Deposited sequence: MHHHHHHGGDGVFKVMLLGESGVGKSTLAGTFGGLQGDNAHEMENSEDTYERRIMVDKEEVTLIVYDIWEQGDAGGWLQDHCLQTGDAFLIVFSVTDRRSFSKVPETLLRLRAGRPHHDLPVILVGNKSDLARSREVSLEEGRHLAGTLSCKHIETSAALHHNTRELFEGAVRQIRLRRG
């Protein structure tokens, strides 16, 4: 038990709704991680205050959504400066190989520098989409 709220943030057309699509403008489901149960609610300023974890999604095929991550992250951390926020940077569209603008290594480097987790996903194909919402659950538990 325990209720976990997870927020999806990022520029338009990076895949927020599609990612929430694979889980379920909110989606509520009872899931199981490392052999225990939890209700996870995925949301696609009162947002800032109630969120347990934040998924900052960019498209790996869109370099303008990558560059905007640092500022999105800092505005967010500024919203609760006393809090240690669990944050995952989600490199979506990992399937469009020939359209890529952002490598795995720059994305990983971005994450470490900024103290978040990193994961690449394809929401169109449900690749790493289960691990994404699972990693979210794990970070939130650590904060409890």
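Go through the deposited sequence from residue 1 and tell me which stretches lack C-alpha coordinates, in order.
Unmodelled stretches, in sequence order: 1 to 9, 34 to 47, 68 to 79, 180.
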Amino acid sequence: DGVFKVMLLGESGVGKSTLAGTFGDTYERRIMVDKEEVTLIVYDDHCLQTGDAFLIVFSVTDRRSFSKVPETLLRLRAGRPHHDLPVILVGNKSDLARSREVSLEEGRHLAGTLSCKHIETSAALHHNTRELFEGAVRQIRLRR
From here on, numbers count along this sequence of modelled residues.
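Notebook entry, point to check: According to the deposited model, is the average Cα temperature factor higher in 45 to 53 or in 58 to 66?
Noted result: Comparing averages over the C-alpha atoms only gives 45 to 53.
#### Entry: Higher-scoring stretch by recorded Cα B factor average, 33 to 41 or 85 to 93
Taking the mean C-alpha B-factor of 33 to 41 and of 85 to 93, the larger value falls to 33 to 41.
Practice prompt. Could you look up the Cα B-factor of residue 25 in the entry and say which third of the chain it sits in: lowest, middle or highest?
Written response: As the PDB entry reports it, the C-alpha B-factor of residue 25 lands in the highest third of its chain.
Using only modelled residues of the chain, where does the Cα B factor of residue 119 rank: lowest third, middle third or highest third? It falls in the bottom third of the chain.
By the recorded C-alpha temperature factor, relative to the other modelled residues in its chain, which third is residue 129 in?
It belongs to the lowest third of the chain when residues are ordered by C-alpha B-factor.
Please place residue 111 in the lowest, middle or highest third of its chain according to the CA B-factor in the PDB entry.
It belongs to the lowest third of the chain when residues are ordered by C-alpha B-factor.
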